[PDB]
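J.: Below you'll find the sequence and an experimental structure to go with it.
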Amino acid sequence: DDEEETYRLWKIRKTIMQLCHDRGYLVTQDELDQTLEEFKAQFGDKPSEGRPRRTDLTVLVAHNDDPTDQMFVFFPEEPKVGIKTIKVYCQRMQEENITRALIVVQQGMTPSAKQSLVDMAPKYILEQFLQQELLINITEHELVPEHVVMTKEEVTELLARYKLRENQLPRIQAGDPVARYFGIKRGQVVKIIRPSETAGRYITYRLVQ
DNA sequence: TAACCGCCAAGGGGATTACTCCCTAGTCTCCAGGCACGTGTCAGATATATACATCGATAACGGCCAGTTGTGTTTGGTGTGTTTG
């Protein structure tokens, strides 16, 4: 389809922009909530072998406080992305000092690809998202409360306040969709704020592991 | 003084005889005694037989050891599939 594909692309882009904004990267208040009309008028609304073709709508955004830190958002055309594509992406990334990135794959990448992805991990952080997982922004959902990634200093402050070993805090595996959304990694604590029906508000913490 | 011798006397009684009674030695027969067998009995010795006793063998009895409906999960391998080298 044409119209549906354009709608899907616009939704994916909006989701990614909201995600980057949540993480901390600075983004236009315009593109954060741009409707679909300007999207059509910008790209062409002819994804079917036309102007709005993938890999052309990628967006690079720099962090809020560290203008030196950016992250790509690729959109490979291969339904079953291989390793060669990620290989060339990483090579082309290597020219700049960028370290983080985000891959949007049509369909699930082959298992051989995940091995390569993790292999380059310490040097170039890159993670994957299925468009099917990006068509909706979970963090807005009624059930999913509000997360706040904590800085190391305050994590130490918390642990020293409650005299509690970080091993004793609750756990949240990295695979969790909220974790992958925020880009948290192992050994890092996420603050959770829930409306408590018996206490108004209740704040808890979860160490990723 | 009486043993002995002599003359004298009566008659006892010893020997003989004819004759008779009836005794007794002898014979055939057959009893009393005595010493030998014959049958029977009691007592004893030798022998066969039944019974209780010691000892030996089989072996019955005591006793041991032997064999004789359903729901809800996990893991782990095979076949197909895709990508990689």
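T.: Perfect, thanks for sending it. Residues are numbered from 1 along each chain as shown, chains lettered A, B, ... in the order given.
J.: Put the alpha carbons of the longest helix anywhere in chain A into CSV.
T.: Criterion DSSP state H: the longest helix present in chain A is helix A:3-23. Presented in CSV, the C-alpha positions along helix A:3-23 are these (Å, rounded to 0.1, in the frame of the first residue of the first chain):
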residue,chain,number,x,y,z
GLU,A,3,-1.1,5.8,1.9
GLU,A,4,-0.9,3.2,4.8
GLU,A,5,2.9,3.0,4.3
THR,A,6,3.3,6.7,4.5
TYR,A,7,1.1,6.8,7.7
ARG,A,8,3.3,4.0,9.2
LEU,A,9,6.5,5.9,8.4
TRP,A,10,5.2,9.1,9.9
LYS,A,11,4.1,7.3,13.1
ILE,A,12,7.5,5.6,13.4
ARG,A,13,9.3,9.0,13.0
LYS,A,14,7.1,10.6,15.6
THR,A,15,7.7,7.7,18.0
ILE,A,16,11.5,8.0,17.5
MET,A,17,11.4,11.8,18.0
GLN,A,18,9.5,11.4,21.2
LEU,A,19,11.9,8.7,22.3
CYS,A,20,15.0,10.8,21.6
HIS,A,21,13.4,13.7,23.5
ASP,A,22,12.6,11.5,26.5
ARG,A,23,16.2,10.2,26.6
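J.: Mind listing residues that contact it?
T.: A:27, A:31-34, A:36, A:39-40, A:45, A:47-48, A:52, A:54, A:57, A:59, A:61, A:71, A:73, A:102, A:104, A:131, A:134-137, A:139, A:149, A:181-183 (CB atoms under 8 Å, 6 or more residues apart in numbering). In this view, the C-beta of every residue, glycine as well, is placed from N, C-alpha and C.
J.: In chain A, which residue is most central in space?
T.: residue A:181 (4.5 Å; CA atoms, centre = their mean).
J.: give me every residue that touches that one.
T.: Per CB under 8 Å, 6+ apart, neighbours of residue A:181: A:19, A:22, A:138, A:139.
J.: So what does it look like in phi/psi?
T.: In terms of degrees, to the nearest 10, the main-chain angles of residue A:181 are phi -60, psi -50.
J.: hmm, back to that, would you reformat the contacts of residue A:181 as a markdown table and include neighbour count and distance to DNA strand B?
T.: Listed next are the contacts of residue A:181 as a markdown table, based on neighbours: other CB atoms under 10 Å; distance: CB to the nearest atom of the strand, whole Å:
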| residue | neighbour count | distance to DNA strand B |
| --- | --- | --- |
| A:19 | 21 | 27 |
| A:22 | 17 | 32 |
| A:138 | 13 | 25 |
| A:139 | 17 | 29 |
